[PDB]
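Here the structure comes first, spelled out in structure tokens, and everything after it is commentary.
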């Protein structure tokens, strides 16, 4: 559902909404820049 900056997305989370989670082998939720 949601993840905190430094969390693994695409396999564990997908960014709550304030984080950017790209679709890759090992993507991580990070603030949009």
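We're sticking with Swiss-Prot numbering for chain A, so the shown stretch reads 43-75, in order.
Quick check of the header: solution NMR.
Yeah, the Cβs are placed from backbone N, Cα and C, and that goes for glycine too.
Per Swiss-Prot, disulfide bond is recorded for 44-58, 51-63, 57-71, and the stated evidence type is experimental evidence. If you look up Swiss-Prot, you'll see 65 marked as site 'Important residue for activation of TRPV1', on the strength of experimental evidence.
Feature map: Swiss-Prot annotations on the structure.
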residue: 44; record: disulfide bond; CB count, 10 Å: 12
residue: 51; record: disulfide bond; CB count, 10 Å: 20
residue: 57; record: disulfide bond; CB count, 10 Å: 22
residue: 58; record: disulfide bond; CB count, 10 Å: 14
residue: 63; record: disulfide bond; CB count, 10 Å: 19
residue: 65; record: site 'Important residue for activation of TRPV1'; CB count, 10 Å: 8
residue: 71; record: disulfide bond; CB count, 10 Å: 23
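When the C-alpha distances from residue 51 (disulfide bond) to the recorded positions 44, 58, 65, 71 are tabulated, the minimum falls on 71. The separation of residue 71 (disulfide bond) from residue 63 (disulfide bond), Cα to Cα, is 5 Å. Here the C-alpha separation of residue 65 (site 'Important residue for activation of TRPV1') and residue 44 (disulfide bond) works out to 15 Å. Annotated pair residue 44 (disulfide bond) and residue 71 (disulfide bond), C-alpha to C-alpha distance, rounded: 10 Å. Recorded residues residue 58 (disulfide bond) and residue 71 (disulfide bond) have their alpha carbons 9 Å apart, per Cα-Cα distance. According to DSSP, residue 51 (disulfide bond) sits within a strand segment.
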